[PDB]
Amino acid sequence: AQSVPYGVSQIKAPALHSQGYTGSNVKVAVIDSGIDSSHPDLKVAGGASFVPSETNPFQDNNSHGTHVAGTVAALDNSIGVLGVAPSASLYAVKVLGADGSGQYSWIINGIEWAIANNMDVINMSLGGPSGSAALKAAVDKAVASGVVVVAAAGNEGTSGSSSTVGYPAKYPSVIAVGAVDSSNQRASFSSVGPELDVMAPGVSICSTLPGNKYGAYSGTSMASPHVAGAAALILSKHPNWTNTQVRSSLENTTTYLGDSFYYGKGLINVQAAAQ
Ligand SMILES: [Ca+2]
Ligand SMILES: [Ca+2]
């Protein structure tokens, strides 16, 4: 029994699936706590680990990386769920440990491994409250090298009239993603600010969990992978397009929801975006 998560339908991915665009050959690096490659519903092409104590990227001792990955590429078969890009080449770049945290050096190292290894799209469902020249260095270089870089905007909510979008999501070169529910309302925890680009489903997102399980989670970490997936579908239909063009498309065919400070350019529509 294969269940199609609401979010995958909400961003109109199945329309592209029916046409034959499912992300084939598009490499997507999931920079997270690793991905359980043994999960029947995910096919992991490769990766690397930068957590000195957890050298196996195919071992997810946290569960977060696996869930994010499921939303990106859960296989289209007879079981579990269905990712936004079920045919994408899933790369596990493990930079976060068992408890969920990592050092910036580990994270940066992973971003750099992805650039070095020709990733097409990088997904970062993580953010820090403070930045660094080396972090900005890493993301700016990825984009300059053709990579589409996507990141969760953060779960800080609202604070006066100030931005709560964390890094690397804050940098202009990075696609900052907010979380909306099934009724398109902004999640109360979703970070706000002028750096917000788009919104995607982020509440009660059903996905893959370590040890052949499935569970729902809420957070902008669940939102970012939908847009990361969206990029893969667009790239599968238009392999010749640059990351700039892909981004433009995602941002210019959205469904406006409210003020950009809280919803960015709005909810993404991959059917419109893929042209
Ligand atoms: Ca499945
Ligand atoms: Ca940004």
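With the authors' numbering as the guide, the letters of the sequence shown map in order to residues 1 to 275. Using N, Cα and C, we set each Cβ at its ideal position, and we do this for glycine too.
Chain-order list of residues whose beta-carbon lies under 8 Å from that of residue i (same chain, five-residue window excluded)
i: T164; result: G154, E156, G157, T158, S191, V192, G193
Alpha-carbon to alpha-carbon, residue j and residue i
i: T244; j: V121; result: 12 Å
i: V84; j: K94; result: 21 Å
i: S183; j: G264; result: 17 Å
i: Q103; j: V150; result: 19 Å
i: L42; j: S161; result: 41 Å
i: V44; j: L96; result: 18 Å
i: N77; j: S38; result: 16 Å
i: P52; j: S105; result: 11 Å
i: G70; j: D259; result: 30 Å
Residue closest to residue i, alpha-carbon to alpha-carbon, out of the options
i: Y91; options: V68, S145, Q103, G102; result: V68
i: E195; options: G215, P239, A169; result: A169
i: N117; options: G46, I35, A223; result: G46
i: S207; options: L16, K12, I35, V28; result: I35
i: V174; options: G80, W113, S63, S224; result: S224
i: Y171; options: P201, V143, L42; result: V143
i: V148; options: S161, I115, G166, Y214; result: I115
i: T242; options: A274, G202, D259, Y214; result: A274
i: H238; options: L126, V270, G166, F58; result: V270
i: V203; options: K213, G211, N212, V180; result: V180
Check: residue i C-beta below 7 Å from any heavy atom of ligand 1
i: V81; result: yes
i: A69; result: no
i: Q2; result: yes
i: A216; result: no
i: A73; result: no
i: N184; result: no
i: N77; result: yes
i: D36; result: no
i: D41; result: yes
Residues of its chain near residue i, where Cβ-Cβ distance is below 6 Å and the 5 sequence neighbours each way are ignored
i: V26; result: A88, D120, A232, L235, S236
Close beta carbons around residue i, own chain, < 7 Å, minus the five adjacent residues each side
i: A134; result: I108
Closer than 6 Å between the C-beta and any heavy atom of ligand 2: which residues qualify, listed along the chain? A169, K170, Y171, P172, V174, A176, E195
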